[PDB]
């Protein structure tokens, strides 16, 4: 009539979909702008549908892909091996999450140019790119860059920098405005890049003045570490005053100041969504705590 109550000491931690945190303590933020500009998102059938992808795939099938992935990544990275096998997909935003934040930033209706930094597979930003008449993407992987040119992206820049992204897009047929893109998404990239300040500065000069929407996602807690190449682990140079542990509210207020706020952005809305990763034969999904900052470019 109910689940089994088995007392163990080595079964790890397991939660359901209702335990996923979507809200936070609003009054526990020293920054005033972070309190009123908070929009609480929630679960939906699209996010739950992503959770059951490992269950509907089969345990024996999730084991075949896992063994083949470790065998493939001897000569490539982890993300490149998952794209070849069609596993390890990432989920952050649902279609309902899109219509909520797009109406909040003013540019709710479709149209304009969109830039996805670090897309690779673009499945995370797939529902978002349906609104813009022009879509661009930047990915340093050659194999994954060719995949983006087949899914609907008009221009796919095969590089890991965004110094002259607004100018290099126009060189490849990207009929984007000379003053920058309209909306740019940098989802879960500050924990991997070396210079997070120089990244936001490059993201700033890539947007239009005044009317310039920026979508930034950072995993909380913020543990920055840069991977050089194969078997070469490094450390970030910019020591941001952000705790490596603690609660979600402390990391947001620490990432707001010191890093995001000194850039001079206008906070449109702040939300808390789970960073869902596709499961396998052991767990249905792996989830991290993610924070979403929607910013407007200064004049």
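Positions refer to the first chain, counted from 1.
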item	value
221-229 versus 111-119 - greater average Cα B-factor per the deposited record	221-229
Higher-scoring stretch by recorded Cα B factor average, 190-198 or 90-98	190-198
Most elevated Cα B-factor in the entry, residues 242, 51, 66, 43	242
Lowest, middle or highest third - CA B-factor, residue 175	middle
Relative C-alpha B-factor of residue 81, binned into the chain's lowest, middle or highest third	lowest
Residue 105 CA temperature factor, ranked by third within the chain	highest
Record-listed C-alpha B factor of residue 57: chain third	lowest
Residue 139 by Cα B-factor - lowest, middle or highest third of the modelled chain	lowest
